[PDB]
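Undergrad: Quick one: this structure, given as structure tokens, is what I'll be asking you about.
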Amino acid sequence: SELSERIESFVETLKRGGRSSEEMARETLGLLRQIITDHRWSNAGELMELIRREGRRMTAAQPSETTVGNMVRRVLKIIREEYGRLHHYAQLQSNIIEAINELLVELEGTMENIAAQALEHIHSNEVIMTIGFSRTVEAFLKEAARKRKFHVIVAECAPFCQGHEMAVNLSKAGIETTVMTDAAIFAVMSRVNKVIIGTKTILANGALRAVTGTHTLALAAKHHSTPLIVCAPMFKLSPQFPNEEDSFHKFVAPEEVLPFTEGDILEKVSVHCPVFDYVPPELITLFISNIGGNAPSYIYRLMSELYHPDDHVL
Amino acid sequence: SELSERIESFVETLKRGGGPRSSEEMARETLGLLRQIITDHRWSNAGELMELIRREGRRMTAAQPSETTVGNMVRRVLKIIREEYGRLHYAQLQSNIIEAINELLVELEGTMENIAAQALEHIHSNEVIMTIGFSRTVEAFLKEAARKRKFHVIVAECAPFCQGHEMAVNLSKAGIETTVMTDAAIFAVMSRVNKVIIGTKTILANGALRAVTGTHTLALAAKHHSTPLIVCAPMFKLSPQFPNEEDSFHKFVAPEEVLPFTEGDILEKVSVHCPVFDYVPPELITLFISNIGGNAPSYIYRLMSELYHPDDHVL
């Protein structure tokens, strides 16, 4: 069928890596909406087994891409809460759809509601320092740049120099930007007033898996007591704790770090190149969500009203 | 004699009130008195000369134990006597000490210009400095960096003697973008402050520091935000005393500065204290900008050995 082929198309795109995180969540919702429409299912139990199986294969496709797993769990919570309030229900197939639509308009407004709180956290003559290239943080820095005037230091992330296109994006909007070399984070930390970063994933204890320089960044921010603000919406909120059994690191080709033209020493040197870096929650100051700016120590509560505890493990 | 009445005039103005305003004038008057003691009392050798200076410095220290700039320059003259009698080991010794004392005095009166010379190395344009009380050395440190760069100094006036008022006017007259605040806001505006430059009453022998009250709070606020706490203080403010619990550290002025006498009957039930000096441990200090450099707190002990003999620590 069209839907099945689109499911393995999504899974193989996840495996190979061929988009932003908000587009990832939007495509996941579109896929799961299709799954609950076009498949035949009698009651909610079979559909939860189906959604669980497909979420298991999309999660096992790329386990470090947790936006798809989060949106699978959000849809599962929606299914078991739109079936709870009706407790084979005929209108249930419609009801979940509407909630999914109410989720999809909760999305596409996540970046605006995070950007609305920019002026409350960025002041005139401020110096902000960021790391990766996250669309949430650039909209945050481009909504605060409409009124106030500040300096932003975009420390590039070294293997995939992606703070380059961030500082190109920010300098087009008139923010006076500085590109760093990622070795100077402790050097320029004395000047920096706030650190605003984005995440790949917010783990359930308030810790976060982010771009590979963010822990080396957060240690400097904690050393100089600079507040580390984290701009990240509620699809990036994953209910997984940082256990050693599950691997959260992603490792890419060493050609990003040590090129293939080095030659014979590549048979002896072990080059690694991870792309994600665990930041423990005691180095964090705030999470600017789409629903506010609450502390890391509140994140567990945001788990309980987003994901059911039976849906943590799929 | 004129000398003797000048000795108890100095001792009485040390117990009771002021006299020399700044610590540099206090040390210069102390060398004047010590040089006069060398010249005018009769002594045969350096033994009873050391005993005489030791007991005079003992009474000048027991006059006001929290005024250590007097007690240091007694010990520097004792070290000078021991090192100008060592190189002759008499007759000409009475001259030699005087010459060294003169070389000490011109070592003074240029302590402030050698601390102010290091201003540009530690103060940068568009920075922001925080100071607690009126220090002559810190003010001249901020003056020398002002004529080349452009910064903004926050002077947290140290209540009850609102003496950061008299500094934030001195800094405002020289065009530094100064700001005086209540000093209950030390932690509040600490987040935006780049450096803290303070002065001392005394640098204790472990790099610890005795400053005007509210400095230890200032130091803790600086350590919280990891703001470097620079300390501008010359070598007469360097005393070879570790923070004993035996001898008295604080000085306690009248409670009228804190709670006025017009409060009425509640003054019979309320214990008001008003200390003027605060102990800052050396782990909150970053630098000691002396007149000889900018060395770390963990070098201060070595500066003791080059300045005061170990036998002269306790008088």
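Letters for chains follow the order of the structure tokens (A, B, ...), residue numbers begin at 1 for each chain, and ligand numbers begin at 1 in the order shown.
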Compile a residue-level contact table for chain B against chain A at a cut-off of 12 Å, reporting for every qualifying residue the shortest atom pair and its distance in Å to one decimal, with only C-alpha atoms counted, rows ordered by chain and ascending number, as a Markdown table.
TA:
| residue | atom | partner | partner_atom | distance |
| --- | --- | --- | --- | --- |
| B:124 | CA | A:191 | CA | 11.7 |
| B:126 | CA | A:125 | CA | 10.8 |
| B:127 | CA | A:191 | CA | 9.2 |
| B:128 | CA | A:191 | CA | 10.8 |
| B:190 | CA | A:225 | CA | 10.9 |
| B:191 | CA | A:193 | CA | 7.8 |
| B:192 | CA | A:193 | CA | 7.2 |
| B:193 | CA | A:191 | CA | 9.6 |
| B:194 | CA | A:191 | CA | 7.5 |
| B:195 | CA | A:190 | CA | 10.0 |
| B:221 | CA | A:225 | CA | 11.0 |
| B:222 | CA | A:224 | CA | 10.1 |
| B:223 | CA | A:224 | CA | 9.1 |
| B:224 | CA | A:225 | CA | 6.9 |
| B:225 | CA | A:225 | CA | 4.9 |
| B:226 | CA | A:224 | CA | 5.0 |
| B:227 | CA | A:224 | CA | 7.5 |
| B:228 | CA | A:190 | CA | 9.6 |
Undergrad: Run DSSP on the backbone of this structure and report the residues of range 47-285 of chain B it assigns to alpha helix (DSSP H), as a ChimeraX atom specification.
TA: /B:47-63,68-86,93-105,111-116,119-122,136-146,165-173,215-224
Undergrad: Select, from A:216, A:294, A:13, A:136, the residue with the minimum atom-to-atom distance to residue 276 in chain A, counting only C-alpha atoms.
TA: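 Among the listed residues, the smallest separation from residue 276 in chain A belongs to A:216.
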Undergrad: Please provide the set of residues having any atom within 6 Å of residue 132 in chain B, restricted to only C-alpha atoms, with same-chain residues fewer than 5 positions apart removed, written as an MDAnalysis selection string.
TA: chainID B and resid 155:157
Undergrad: Put those residues in a file: N, CA, C and O atoms, as a compact mmCIF listing (two decimals), in the first residue's frame.
TA:
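Saved the output as out_5.txt:
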# COMPACT_ATOMS: atom_id res chain seq x y z
N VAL B 155 30.35 51.58 43.15
CA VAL B 155 30.89 51.75 44.49
C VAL B 155 29.80 51.45 45.50
O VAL B 155 28.94 52.29 45.75
N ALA B 156 29.84 50.27 46.10
CA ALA B 156 28.84 49.84 47.07
C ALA B 156 29.17 50.46 48.41
O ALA B 156 30.00 49.92 49.14
N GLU B 157 28.50 51.56 48.76
CA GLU B 157 28.89 52.32 49.94
C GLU B 157 28.72 51.51 51.22
O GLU B 157 27.68 50.92 51.47
Undergrad: Write out as a PyMOL selection string which residues come within 9 Å of residue 300 in chain A when counting only C-alpha atoms, dropping same-chain ones fewer than 2 positions away.
TA: chain A and resi 204-206+239+296-298+302-304
Undergrad: May I ask for the distance between CA of residue 265 in chain A and CA of residue 253 in chain A, given in Å to one decimal place?
TA: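 Calculated distance between CA of residue 265 in chain A and CA of residue 253 in chain A is 16.4 Å.
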Undergrad: With only C-alpha atoms as the counted atoms, please give the residues lying no more than 9 Å from residue 298 in chain B, apart from itself and same-chain residues fewer than 5 positions off, as a list in words.
TA: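 Residues near the query, excluding close chain neighbours: residues 206, 207 and 282 of chain B.
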Undergrad: Can you pull out every residue within 12 Å of residue 28 in chain B, counting only C-alpha atoms, but drop anything in the same chain fewer than 5 positions away, and send it as an mmCIF file with N, CA, C and O atoms, in the first residue's frame?
TA:
data_model
loop_
_atom_site.group_PDB
_atom_site.id
_atom_site.type_symbol
_atom_site.label_atom_id
_atom_site.label_comp_id
_atom_site.auth_asym_id
_atom_site.auth_seq_id
_atom_site.Cartn_x
_atom_site.Cartn_y
_atom_site.Cartn_z
ATOM 1 N N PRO B 20 46.590 60.901 61.223
ATOM 2 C CA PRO B 20 46.820 60.512 59.827
ATOM 3 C C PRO B 20 45.581 59.860 59.234
ATOM 4 O O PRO B 20 45.104 58.833 59.720
ATOM 5 N N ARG B 21 45.057 60.479 58.175
ATOM 6 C CA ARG B 21 43.863 59.962 57.514
ATOM 7 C C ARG B 21 44.146 58.638 56.820
ATOM 8 O O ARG B 21 43.599 57.595 57.194
ATOM 9 N N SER B 22 45.009 58.659 55.815
ATOM 10 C CA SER B 22 45.275 57.474 55.022
ATOM 11 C C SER B 22 46.356 56.625 55.677
ATOM 12 O O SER B 22 47.091 57.075 56.557
ATOM 13 N N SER B 23 46.438 55.369 55.240
ATOM 14 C CA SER B 23 47.426 54.457 55.799
ATOM 15 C C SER B 23 48.833 54.824 55.366
ATOM 16 O O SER B 23 49.797 54.519 56.075
ATOM 17 N N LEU B 33 58.561 58.838 63.381
ATOM 18 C CA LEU B 33 58.731 58.607 64.808
ATOM 19 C C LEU B 33 59.852 57.614 65.086
ATOM 20 O O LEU B 33 60.652 57.817 66.005
ATOM 21 N N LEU B 34 59.934 56.539 64.300
ATOM 22 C CA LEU B 34 60.986 55.547 64.503
ATOM 23 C C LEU B 34 62.361 56.116 64.192
ATOM 24 O O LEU B 34 63.326 55.842 64.911
ATOM 25 N N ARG B 35 62.472 56.909 63.128
ATOM 26 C CA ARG B 35 63.725 57.581 62.813
ATOM 27 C C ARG B 35 64.122 58.541 63.921
ATOM 28 O O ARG B 35 65.304 58.641 64.279
ATOM 29 N N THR B 69 49.165 49.051 60.331
ATOM 30 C CA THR B 69 50.165 49.792 59.575
ATOM 31 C C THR B 69 51.207 50.411 60.493
ATOM 32 O O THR B 69 52.359 50.587 60.096
ATOM 33 N N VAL B 70 50.829 50.722 61.729
ATOM 34 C CA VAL B 70 51.819 51.121 62.714
ATOM 35 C C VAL B 70 52.682 49.941 63.120
ATOM 36 O O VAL B 70 53.902 50.068 63.230
ATOM 37 N N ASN B 72 53.388 47.163 61.498
ATOM 38 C CA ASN B 72 54.266 46.659 60.450
ATOM 39 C C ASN B 72 55.534 47.478 60.359
ATOM 40 O O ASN B 72 56.634 46.924 60.311
ATOM 41 N N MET B 73 55.406 48.798 60.350
ATOM 42 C CA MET B 73 56.574 49.638 60.170
ATOM 43 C C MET B 73 57.463 49.674 61.398
ATOM 44 O O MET B 73 58.584 50.167 61.307
ATOM 45 N N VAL B 74 56.989 49.185 62.542
ATOM 46 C CA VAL B 74 57.899 48.877 63.636
ATOM 47 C C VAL B 74 58.724 47.648 63.294
ATOM 48 O O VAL B 74 59.927 47.592 63.566
ATOM 49 N N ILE B 101 66.224 53.686 56.397
ATOM 50 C CA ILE B 101 64.898 54.209 56.701
ATOM 51 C C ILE B 101 64.497 55.239 55.659
ATOM 52 O O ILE B 101 63.357 55.241 55.177
ATOM 53 N N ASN B 102 65.450 56.075 55.233
ATOM 54 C CA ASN B 102 65.163 57.007 54.152
ATOM 55 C C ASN B 102 64.855 56.257 52.868
ATOM 56 O O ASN B 102 63.899 56.592 52.162
ATOM 57 N N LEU B 104 63.528 53.442 52.842
ATOM 58 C CA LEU B 104 62.180 52.941 53.059
ATOM 59 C C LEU B 104 61.151 54.029 52.801
ATOM 60 O O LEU B 104 60.095 53.758 52.222
ATOM 61 N N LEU B 105 61.455 55.266 53.206
ATOM 62 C CA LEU B 105 60.488 56.345 53.052
ATOM 63 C C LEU B 105 60.263 56.676 51.586
ATOM 64 O O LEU B 105 59.122 56.864 51.161
ATOM 65 N N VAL B 106 61.333 56.715 50.789
ATOM 66 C CA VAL B 106 61.157 56.859 49.351
ATOM 67 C C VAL B 106 60.681 55.559 48.721
ATOM 68 O O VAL B 106 60.238 55.564 47.570
ATOM 69 N N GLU B 107 60.767 54.435 49.437
ATOM 70 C CA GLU B 107 59.994 53.273 49.021
ATOM 71 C C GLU B 107 58.514 53.534 49.235
ATOM 72 O O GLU B 107 57.684 53.145 48.410
ATOM 73 N N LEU B 108 58.173 54.219 50.324
ATOM 74 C CA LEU B 108 56.872 54.852 50.450
ATOM 75 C C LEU B 108 56.824 56.081 49.555
ATOM 76 O O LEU B 108 57.749 56.368 48.793
ATOM 77 N N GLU B 109 55.695 56.779 49.589
ATOM 78 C CA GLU B 109 55.426 57.980 48.801
ATOM 79 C C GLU B 109 55.504 57.732 47.294
ATOM 80 O O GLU B 109 55.391 58.675 46.508
ATOM 81 N N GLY B 110 55.692 56.482 46.882
ATOM 82 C CA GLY B 110 55.711 56.044 45.510
ATOM 83 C C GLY B 110 55.077 54.673 45.447
ATOM 84 O O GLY B 110 55.140 53.990 44.427
ATOM 85 N N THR B 111 54.489 54.249 46.565
ATOM 86 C CA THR B 111 53.724 53.010 46.573
ATOM 87 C C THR B 111 52.467 53.145 45.736
ATOM 88 O O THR B 111 52.050 52.190 45.077
ATOM 89 N N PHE B 236 53.097 48.168 53.179
ATOM 90 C CA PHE B 236 52.948 48.464 54.594
ATOM 91 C C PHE B 236 51.680 47.862 55.167
ATOM 92 O O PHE B 236 51.581 47.708 56.387
#
Undergrad: Can you pull out the residues contacting residue 68 in chain B? Cut-off 10 Å, using only C-alpha atoms, and skip same-chain residues under 3 positions away; I want them as a PyMOL selection string.
TA: chain B and resi 23+26-27+60-61+64-65+71-74+201-204+236-241
Undergrad: Please identify which residues in range 105-269 of chain B DSSP calls strand (DSSP E or B) from the backbone, and express them as a list in words.
TA: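 Strand (DSSP E or B) members of range 105-269 of chain B, listed: residues 128, 129, 130, 131, 152, 153, 154, 155, 156, 179, 180, 181, 195, 196, 197, 198, 202, 203, 209, 210, 211, 212, 229, 230, 231, 232, 238 and 252 of chain B.
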Undergrad: With N, CA and C atoms kept, could you save the residues just selected as a PDB file, in the first residue's frame?
TA:
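What follows is the written file part_30.pdb:
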ATOM      1  N   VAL B 128      33.491  46.817  33.874  1.00  0.00           N
ATOM      2  CA  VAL B 128      32.727  47.285  35.016  1.00  0.00           C
ATOM      3  C   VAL B 128      33.374  46.748  36.287  1.00  0.00           C
ATOM      4  N   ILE B 129      33.678  47.652  37.204  1.00  0.00           N
ATOM      5  CA  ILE B 129      34.459  47.364  38.397  1.00  0.00           C
ATOM      6  C   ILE B 129      33.558  47.601  39.593  1.00  0.00           C
ATOM      7  N   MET B 130      33.771  46.858  40.669  1.00  0.00           N
ATOM      8  CA  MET B 130      33.040  47.104  41.899  1.00  0.00           C
ATOM      9  C   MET B 130      34.028  47.337  43.030  1.00  0.00           C
ATOM     10  N   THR B 131      33.769  48.364  43.831  1.00  0.00           N
ATOM     11  CA  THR B 131      34.627  48.750  44.941  1.00  0.00           C
ATOM     12  C   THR B 131      33.725  48.913  46.150  1.00  0.00           C
ATOM     13  N   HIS B 152      33.221  51.681  34.043  1.00  0.00           N
ATOM     14  CA  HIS B 152      32.010  52.015  34.784  1.00  0.00           C
ATOM     15  C   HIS B 152      32.112  51.358  36.152  1.00  0.00           C
ATOM     16  N   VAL B 153      32.323  52.137  37.184  1.00  0.00           N
ATOM     17  CA  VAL B 153      32.657  51.595  38.496  1.00  0.00           C
ATOM     18  C   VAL B 153      31.429  51.627  39.389  1.00  0.00           C
ATOM     19  N   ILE B 154      31.135  50.526  40.067  1.00  0.00           N
ATOM     20  CA  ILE B 154      30.026  50.474  41.009  1.00  0.00           C
ATOM     21  C   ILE B 154      30.596  50.504  42.418  1.00  0.00           C
ATOM     22  N   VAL B 155      30.350  51.583  43.151  1.00  0.00           N
ATOM     23  CA  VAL B 155      30.895  51.749  44.494  1.00  0.00           C
ATOM     24  C   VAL B 155      29.799  51.451  45.500  1.00  0.00           C
ATOM     25  N   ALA B 156      29.843  50.273  46.098  1.00  0.00           N
ATOM     26  CA  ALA B 156      28.840  49.841  47.065  1.00  0.00           C
ATOM     27  C   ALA B 156      29.173  50.457  48.411  1.00  0.00           C
ATOM     28  N   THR B 179      28.793  54.581  39.928  1.00  0.00           N
ATOM     29  CA  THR B 179      27.445  54.282  40.407  1.00  0.00           C
ATOM     30  C   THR B 179      27.539  53.857  41.865  1.00  0.00           C
ATOM     31  N   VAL B 180      26.919  54.625  42.756  1.00  0.00           N
ATOM     32  CA  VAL B 180      26.915  54.247  44.161  1.00  0.00           C
ATOM     33  C   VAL B 180      25.587  53.587  44.513  1.00  0.00           C
ATOM     34  N   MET B 181      25.664  52.454  45.203  1.00  0.00           N
ATOM     35  CA  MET B 181      24.488  51.679  45.555  1.00  0.00           C
ATOM     36  C   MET B 181      24.536  51.311  47.030  1.00  0.00           C
ATOM     37  N   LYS B 195      35.050  42.758  37.282  1.00  0.00           N
ATOM     38  CA  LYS B 195      36.119  42.649  38.264  1.00  0.00           C
ATOM     39  C   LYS B 195      35.710  43.364  39.535  1.00  0.00           C
ATOM     40  N   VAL B 196      36.288  42.933  40.649  1.00  0.00           N
ATOM     41  CA  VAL B 196      36.133  43.617  41.923  1.00  0.00           C
ATOM     42  C   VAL B 196      37.507  44.067  42.360  1.00  0.00           C
ATOM     43  N   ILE B 197      37.659  45.359  42.587  1.00  0.00           N
ATOM     44  CA  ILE B 197      38.924  45.924  43.014  1.00  0.00           C
ATOM     45  C   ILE B 197      38.675  46.585  44.355  1.00  0.00           C
ATOM     46  N   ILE B 198      39.311  46.065  45.400  1.00  0.00           N
ATOM     47  CA  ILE B 198      39.081  46.517  46.762  1.00  0.00           C
ATOM     48  C   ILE B 198      40.408  46.916  47.381  1.00  0.00           C
ATOM     49  N   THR B 202      44.543  45.490  56.171  1.00  0.00           N
ATOM     50  CA  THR B 202      45.627  44.601  56.555  1.00  0.00           C
ATOM     51  C   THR B 202      45.560  43.363  55.681  1.00  0.00           C
ATOM     52  N   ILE B 203      46.706  42.928  55.174  1.00  0.00           N
ATOM     53  CA  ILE B 203      46.837  41.624  54.543  1.00  0.00           C
ATOM     54  C   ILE B 203      47.494  40.696  55.547  1.00  0.00           C
ATOM     55  N   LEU B 209      42.741  38.551  54.590  1.00  0.00           N
ATOM     56  CA  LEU B 209      42.586  39.977  54.398  1.00  0.00           C
ATOM     57  C   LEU B 209      41.622  40.536  55.428  1.00  0.00           C
ATOM     58  N   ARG B 210      41.914  41.725  55.929  1.00  0.00           N
ATOM     59  CA  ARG B 210      41.051  42.411  56.878  1.00  0.00           C
ATOM     60  C   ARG B 210      40.608  43.712  56.242  1.00  0.00           C
ATOM     61  N   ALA B 211      39.361  43.777  55.804  1.00  0.00           N
ATOM     62  CA  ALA B 211      38.943  44.946  55.055  1.00  0.00           C
ATOM     63  C   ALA B 211      37.779  45.600  55.768  1.00  0.00           C
ATOM     64  N   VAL B 212      37.238  46.651  55.154  1.00  0.00           N
ATOM     65  CA  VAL B 212      36.068  47.301  55.718  1.00  0.00           C
ATOM     66  C   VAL B 212      34.899  46.338  55.659  1.00  0.00           C
ATOM     67  N   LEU B 229      38.524  38.848  42.162  1.00  0.00           N
ATOM     68  CA  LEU B 229      38.609  39.852  43.215  1.00  0.00           C
ATOM     69  C   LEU B 229      40.050  40.335  43.272  1.00  0.00           C
ATOM     70  N   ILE B 230      40.317  41.452  42.627  1.00  0.00           N
ATOM     71  CA  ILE B 230      41.638  42.057  42.673  1.00  0.00           C
ATOM     72  C   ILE B 230      41.749  42.874  43.946  1.00  0.00           C
ATOM     73  N   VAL B 231      42.931  42.881  44.551  1.00  0.00           N
ATOM     74  CA  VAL B 231      43.169  43.590  45.799  1.00  0.00           C
ATOM     75  C   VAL B 231      44.362  44.509  45.599  1.00  0.00           C
ATOM     76  N   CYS B 232      44.133  45.813  45.686  1.00  0.00           N
ATOM     77  CA  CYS B 232      45.198  46.796  45.540  1.00  0.00           C
ATOM     78  C   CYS B 232      45.651  47.220  46.926  1.00  0.00           C
ATOM     79  N   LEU B 238      50.859  44.838  55.016  1.00  0.00           N
ATOM     80  CA  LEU B 238      51.158  43.414  54.972  1.00  0.00           C
ATOM     81  C   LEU B 238      51.675  43.012  56.345  1.00  0.00           C
ATOM     82  N   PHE B 252      35.259  47.523  67.070  1.00  0.00           N
ATOM     83  CA  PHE B 252      33.835  47.757  67.271  1.00  0.00           C
ATOM     84  C   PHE B 252      33.619  49.201  67.686  1.00  0.00           C
TER      85      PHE B 252
END
Undergrad: When you count only C-alpha atoms, which of these residues is closest to residue 247 in chain A: A:277, A:2, A:143, A:165?
TA: A:277
Undergrad: For residue 140 in chain B, which of B:167, B:258, B:307, B:267 is the closest residue, counting only C-alpha atoms?
TA: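 For residue 140 in chain B, the nearest of the given residues is B:167.
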Undergrad: So, counting only C-alpha atoms, which residue among B:25, B:99, B:139, B:113 is closest to residue 38 in chain B?
TA: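 Nearest to residue 38 in chain B: B:99.
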Undergrad: If you measure from CA of residue 260 in chain B to CA of residue 67 in chain B, what distance in Å do you get, rounded to one decimal?
TA: 26.0 Å
Undergrad: Quick one: of A:185, A:134, A:34, A:269, who's nearest to residue 97 in chain A, counting only C-alpha atoms?
TA: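 With only C-alpha atoms as the atom set, the closest residue is A:34.
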